[PDB]
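Note: the block below is input19.cif and it holds mmCIF, C-alpha atoms.
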```cif
data_target
#
loop_
_atom_site.label_atom_id
_atom_site.label_comp_id
_atom_site.auth_asym_id
_atom_site.auth_seq_id
_atom_site.Cartn_x
_atom_site.Cartn_y
_atom_site.Cartn_z
CA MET A 1 0.00 0.00 0.00
CA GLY A 2 3.10 2.27 0.57
CA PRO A 3 6.96 2.12 0.48
CA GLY A 4 7.19 0.07 3.74
CA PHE A 5 4.97 -2.67 2.25
CA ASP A 6 6.98 -2.35 -1.04
CA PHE A 7 10.30 -3.20 0.75
CA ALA A 8 8.61 -5.99 2.80
CA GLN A 9 7.10 -7.56 -0.39
CA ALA A 10 10.52 -7.49 -2.18
CA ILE A 11 12.08 -9.42 0.76
CA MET A 12 9.17 -11.93 0.95
CA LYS A 13 9.11 -12.64 -2.84
CA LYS A 14 12.84 -13.54 -3.13
CA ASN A 15 14.26 -14.27 0.37
CA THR A 16 11.64 -16.51 2.14
CA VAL A 17 10.79 -20.21 2.09
CA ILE A 18 8.25 -22.23 4.09
CA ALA A 19 10.18 -24.35 6.65
CA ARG A 20 8.52 -27.36 8.34
CA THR A 21 10.01 -29.10 11.41
CA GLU A 22 8.32 -31.52 13.91
CA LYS A 23 7.25 -28.34 15.82
CA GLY A 24 5.27 -26.81 12.84
CA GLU A 25 5.44 -24.58 9.72
CA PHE A 26 7.56 -21.35 9.97
CA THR A 27 8.37 -18.37 7.75
CA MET A 28 12.14 -18.75 7.14
CA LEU A 29 14.34 -15.84 5.97
CA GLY A 30 17.13 -16.70 3.50
CA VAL A 31 20.08 -14.30 4.05
CA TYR A 32 22.84 -15.34 1.54
CA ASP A 33 24.13 -18.48 -0.29
CA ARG A 34 22.30 -21.46 1.40
CA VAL A 35 22.16 -19.74 4.86
CA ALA A 36 18.75 -18.98 6.47
CA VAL A 37 17.41 -18.14 9.97
CA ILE A 38 14.50 -19.52 12.01
CA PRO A 39 13.42 -19.22 15.67
CA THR A 40 15.40 -21.66 17.88
CA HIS A 41 12.08 -23.08 19.27
CA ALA A 42 11.50 -24.61 15.74
CA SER A 43 14.01 -27.31 17.01
CA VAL A 44 15.77 -27.80 13.64
CA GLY A 45 17.17 -31.37 13.21
CA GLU A 46 19.25 -33.24 10.58
CA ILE A 47 16.35 -33.02 8.02
CA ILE A 48 13.89 -30.14 7.42
CA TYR A 49 11.12 -29.58 4.77
CA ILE A 50 11.71 -26.47 2.55
CA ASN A 51 8.60 -25.63 0.43
CA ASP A 52 7.54 -29.32 1.04
CA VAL A 53 10.91 -30.75 -0.26
CA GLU A 54 12.94 -33.04 2.08
CA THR A 55 16.25 -31.15 2.69
CA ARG A 56 19.41 -32.14 4.60
CA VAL A 57 20.64 -29.61 7.19
CA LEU A 58 24.42 -29.12 6.64
CA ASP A 59 24.86 -27.02 9.84
CA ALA A 60 22.58 -25.47 12.51
CA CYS A 61 23.72 -23.07 15.28
CA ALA A 62 21.47 -21.76 18.12
CA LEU A 63 22.95 -18.30 18.78
CA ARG A 64 23.71 -17.07 22.33
CA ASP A 65 25.30 -13.76 23.41
CA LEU A 66 28.69 -13.57 25.18
CA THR A 67 26.85 -13.73 28.58
CA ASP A 68 25.69 -17.25 27.33
CA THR A 69 22.06 -15.92 27.14
CA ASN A 70 19.65 -17.29 24.48
CA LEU A 71 19.12 -15.01 21.39
CA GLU A 72 16.30 -17.29 19.98
CA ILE A 73 17.90 -17.22 16.45
CA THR A 74 19.09 -20.47 14.78
CA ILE A 75 21.32 -20.08 11.67
CA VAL A 76 20.76 -23.00 9.27
CA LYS A 77 22.80 -23.99 6.25
CA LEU A 78 20.55 -25.95 3.81
CA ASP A 79 21.64 -28.64 1.31
CA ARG A 80 19.62 -26.77 -1.36
CA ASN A 81 20.46 -26.59 -5.11
CA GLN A 82 19.90 -22.78 -5.28
CA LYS A 83 21.33 -19.69 -3.47
CA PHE A 84 19.36 -16.82 -1.88
CA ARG A 85 19.81 -13.29 -3.11
CA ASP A 86 22.44 -11.80 -0.73
CA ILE A 87 20.53 -9.31 1.56
CA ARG A 88 23.28 -8.88 4.24
CA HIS A 89 23.66 -5.15 3.26
CA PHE A 90 20.04 -4.60 4.58
CA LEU A 91 20.96 -5.86 8.12
CA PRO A 92 21.58 -3.30 10.89
CA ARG A 93 25.06 -3.18 12.46
CA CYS A 94 23.89 -2.19 16.01
CA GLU A 95 20.97 -2.62 18.49
CA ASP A 96 18.43 0.18 17.82
CA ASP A 97 14.79 1.36 18.03
CA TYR A 98 12.79 1.83 14.77
CA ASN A 99 9.76 3.71 13.42
CA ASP A 100 7.03 2.29 11.14
CA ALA A 101 7.92 -1.45 10.81
CA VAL A 102 6.05 -4.22 8.88
CA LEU A 103 5.82 -7.86 10.03
CA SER A 104 5.45 -10.20 6.99
CA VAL A 105 4.45 -13.93 7.12
CA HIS A 106 4.14 -16.58 4.44
CA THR A 107 2.86 -20.08 5.44
CA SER A 108 0.04 -22.49 4.34
CA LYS A 109 -2.10 -20.95 7.21
CA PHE A 110 -1.15 -17.27 6.51
CA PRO A 111 -0.18 -16.69 2.83
CA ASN A 112 0.94 -13.18 1.68
CA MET A 113 0.28 -11.63 5.15
CA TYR A 114 1.65 -8.11 5.93
CA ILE A 115 0.98 -6.28 9.25
CA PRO A 116 1.93 -2.62 9.90
CA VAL A 117 3.09 -2.93 13.58
CA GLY A 118 4.27 0.71 14.01
CA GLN A 119 6.99 1.76 16.48
CA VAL A 120 9.57 -0.91 17.50
CA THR A 121 11.31 -0.62 20.94
CA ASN A 122 14.77 -2.00 21.82
CA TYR A 123 13.17 -3.94 24.72
CA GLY A 124 16.28 -6.01 25.61
CA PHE A 125 15.62 -8.71 28.22
CA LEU A 126 12.52 -10.95 27.92
CA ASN A 127 11.56 -14.13 29.78
CA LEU A 128 10.34 -15.87 26.58
CA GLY A 129 8.41 -19.09 27.32
CA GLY A 130 10.41 -19.32 30.62
CA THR A 131 13.81 -18.83 28.81
CA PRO A 132 15.83 -15.63 29.60
CA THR A 133 16.37 -14.03 26.15
CA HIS A 134 18.37 -10.93 25.06
CA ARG A 135 18.21 -8.48 22.09
CA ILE A 136 14.37 -8.49 21.92
CA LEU A 137 12.48 -5.91 19.82
CA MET A 138 8.89 -5.13 20.93
CA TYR A 139 5.89 -3.82 18.93
CA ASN A 140 2.35 -3.08 20.19
CA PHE A 141 0.56 -5.58 17.90
CA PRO A 142 -1.47 -8.56 19.21
CA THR A 143 0.58 -11.24 17.34
CA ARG A 144 -0.96 -14.77 17.17
CA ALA A 145 0.41 -18.36 17.11
CA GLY A 146 1.69 -19.20 13.56
CA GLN A 147 3.56 -15.89 12.87
CA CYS A 148 6.88 -17.12 14.42
CA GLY A 149 9.69 -16.61 11.86
CA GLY A 150 7.81 -13.62 10.35
CA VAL A 151 10.20 -10.98 8.98
CA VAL A 152 10.32 -7.50 10.60
CA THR A 153 11.41 -4.74 8.18
CA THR A 154 11.51 -0.98 7.80
CA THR A 155 12.19 0.73 4.43
CA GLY A 156 15.71 -0.43 3.52
CA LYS A 157 16.30 -2.60 6.68
CA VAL A 158 15.59 -6.24 7.72
CA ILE A 159 15.71 -5.85 11.53
CA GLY A 160 14.39 -9.09 13.15
CA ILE A 161 12.31 -12.30 13.09
CA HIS A 162 9.08 -12.69 15.16
CA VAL A 163 9.61 -15.16 18.11
CA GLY A 164 6.59 -14.60 20.43
CA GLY A 165 3.87 -12.45 22.00
CA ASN A 166 1.76 -11.96 25.17
CA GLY A 167 -1.63 -11.31 23.48
CA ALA A 168 -1.16 -7.44 23.40
CA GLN A 169 2.53 -7.11 22.30
CA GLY A 170 4.72 -9.05 19.82
CA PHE A 171 8.45 -9.77 20.19
CA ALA A 172 11.20 -10.25 17.58
CA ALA A 173 14.87 -11.39 17.88
CA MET A 174 17.28 -8.80 16.38
CA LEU A 175 19.15 -9.60 13.20
CA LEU A 176 22.64 -8.04 13.19
CA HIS A 177 25.12 -7.94 10.24
CA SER A 178 27.82 -9.52 12.52
CA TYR A 179 25.80 -12.81 12.73
CA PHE A 180 26.44 -13.51 8.97
CA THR A 181 30.15 -12.69 8.36
CA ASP A 182 31.36 -15.81 6.39
#
```

What does the file become when written as structure tokens?
Amino acid sequence: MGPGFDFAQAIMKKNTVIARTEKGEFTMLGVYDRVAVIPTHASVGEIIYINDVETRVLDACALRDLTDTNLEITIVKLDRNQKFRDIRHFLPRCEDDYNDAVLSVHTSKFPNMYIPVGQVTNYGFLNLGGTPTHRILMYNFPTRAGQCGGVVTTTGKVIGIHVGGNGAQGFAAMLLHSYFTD
């Protein structure tokens, strides 16, 4: 409807796949080469389904900060025959607050879904499902079950992936450029 939704759509159309694990279907952001991200609660194993194709996982790393606190991001390398468009230049370098973000989801349950969530706070610490978690972004949108993995963008930046909510607010794990130095 506007330039925020334009940037979000461009990311969804080229840099997302549907990932299925034993814990459900997730929006999965491809970042570069065969490297994607997903919430750590997806419990990625040795095999994952990518757009309903059986795919070997070559590597999976549940990220933690240097205090050994959960970040709720898993970086996955996929045994896929095709590379993602490299979008690392759209990742922020530092922790920050944002104006006017969009949360975008693409699954069997929620195809082509875009939500204007508004202002995004650098919230920091969250007890997420009982797990102490750092680098959380917060937006005042009542996010529902099934949006985990959704991509959070502003115009020109891919800033996080949706990892939970409390019924009134939604929470995303930060994406930082330093996670994807090869």

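Compared by their closest atoms to residue 33 (chain A), and using all atoms listed in the file, the residues A:82, A:9, A:69, A:108 rank with A:82 nearest.
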
* To do: Run through the PyMOL selection byres ((chain A and resi 71-80) around 8) on the given coordinates and return the selected residues as number ranges by chain.
  => A: 34-41, 55-65, 69-70, 81-83, 133-135, 163, 173

Using only C-alpha atoms, the best pick from A:141, A:84, A:49, A:32 as closest to residue 179 (chain A) would be A:32

Non-local contacts of residue 112 (chain A) (9 Å; all atoms listed in the file; under 6 positions in same chain excluded) as a compact mmCIF listing (two decimals) with C-alpha atoms, in the frame of the given file:
```txt
# COMPACT_ATOMS: atom_id res chain seq x y z
CA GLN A 9 7.10 -7.56 -0.39
CA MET A 12 9.17 -11.93 0.95
CA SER A 104 5.45 -10.20 6.99
CA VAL A 105 4.45 -13.93 7.12
CA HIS A 106 4.14 -16.58 4.44
```

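For the pair CA of residue 166 (chain A) and CA of residue 122 (chain A), the interatomic distance is 16.7 Å.
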
Find the residues of region 102-161 of chain A that sit at most 9 Å from region 87-90 of chain A; for each, write down the nearest two atoms and how far apart they are in Å, to one decimal. Count all atoms listed in the file. Sort by chain, then by number going up, and give it as JSON lines.
```
{"residue": "A:156", "atom": "CA", "partner": "A:90", "partner_atom": "CA", "distance": 6.1}
{"residue": "A:157", "atom": "CA", "partner": "A:90", "partner_atom": "CA", "distance": 4.7}
{"residue": "A:158", "atom": "CA", "partner": "A:90", "partner_atom": "CA", "distance": 5.7}
{"residue": "A:159", "atom": "CA", "partner": "A:90", "partner_atom": "CA", "distance": 8.3}
```

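Separating CA of residue 27 (chain A) from CA of residue 150 (chain A) is a distance of 5.4 Å.
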
### Message
Need to verify the contact set: residue 140 (chain A), 12 Å, only C-alpha atoms, exclusion of same-chain residues closer than 4 positions in sequence. Can you return it as a list in words?
### Response
residues 100, 101, 102, 103, 115, 116, 117, 118, 119, 120, 121, 123, 165, 166, 167, 168, 169, 170, 171 and 172 of chain A

The distance between CA of residue 3 (chain A) and CA of residue 113 (chain A) is 16.0 Å

In terms of only C-alpha atoms, the residue from A:98, A:31, A:107, A:20 at minimal distance from residue 139 (chain A) is A:98

Please report, as JSON, the centre and edge lengths in Å to one decimal of an axis-aligned box covering all listed atoms of region 53-66 of chain A with 4 Å per side.
```
{"center_x": 19.8, "center_y": -23.3, "center_z": 12.5, "size_x": 25.8, "size_y": 27.5, "size_z": 33.4}
```
